[PDB]
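See structure below.
Throughout, read-outs are computed from the coordinates displayed, never taken from laboratory work. Cβ placement follows ideal geometry from the backbone for every residue including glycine, while neighbour counts extend to all protein chains displayed.
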Amino acid sequence: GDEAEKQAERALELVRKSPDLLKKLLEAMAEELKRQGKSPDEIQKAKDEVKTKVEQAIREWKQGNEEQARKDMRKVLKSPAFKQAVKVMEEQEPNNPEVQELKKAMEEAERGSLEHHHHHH
């Protein structure tokens, strides 16, 4: 399933160009994780995972390493944490171009590949 690689490239460049979307993105997932009754340690580690995953991806693309960047973003596209991040902001800003264009990248990748192996660490 190699179309989902380019879906990661599209969501990667969105969070690379909009750090103001990204700073709310990790911060929004923490609230839906909190509605489920998760611990402050697991919430904090989930914010840091999402942040460090995209940072290590963007650091590769910027040195010309597109393939390593879209790979490290792909693991986030399929993650439940990134689905919570976009879902919490879609409730607040339903007409947002920055939410709907990011959500569409994931929603199309969800049909471009079907990955089942591990979940929730």
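Do you know which residues across the stretch 90-103 are over 14 Å from residue 18 (Cβ atoms) and exposed (fewer than 14 other Cβ atoms within 10 Å of the Cβ)?
Those that are over 14 Å from residue 18 (Cβ atoms) and exposed (fewer than 14 other Cβ atoms within 10 Å of the Cβ): 91, 92, 94, 95.
Being out of contact with any helix residue (DSSP H, G or I) (no Cβ under 6 Å at 6 or more places or on another chain) and either surrounded by 22 or more Cβ atoms within 10 Å (Cβ to Cβ) or within 14 Å of residue 120 (Cβ to Cβ) (or both) is the filter here; which residues of the stretch 76-89 pass it?
Passing the criteria: 78, 79, 80, 83.
Quick check: anything in the stretch 60-67 surrounded by fewer than 19 Cβ atoms within 10 Å (Cβ to Cβ), closer than 20 Å to residue 3 by Cα, touching a residue at least 24 places away in the same chain (Cβ under 8 Å) and hydrophobic (A, V, I, L, M, F, W, C)?
no
List the residue pairs whose Cβ atoms are under 9 Å apart, where the first residue sits in the stretch 94-106 and is within 16 Å of residue 84 (Cβ to Cβ), the second is surrounded by fewer than 15 Cβ atoms within 10 Å (Cβ to Cβ) and acidic (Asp, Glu), and the two are 6 or more positions apart or on different chains.
Sorted first by the residue in the stretch 94-106, then by its partner, the pairs are 99/93.
For residues that are outside any helix (DSSP H, G or I) and among the charged types (D, E, K, R), scanning just the stretch 1-47, find the one that is nearest to residue 86 (Cα to Cα).
So the residue we want is 38.
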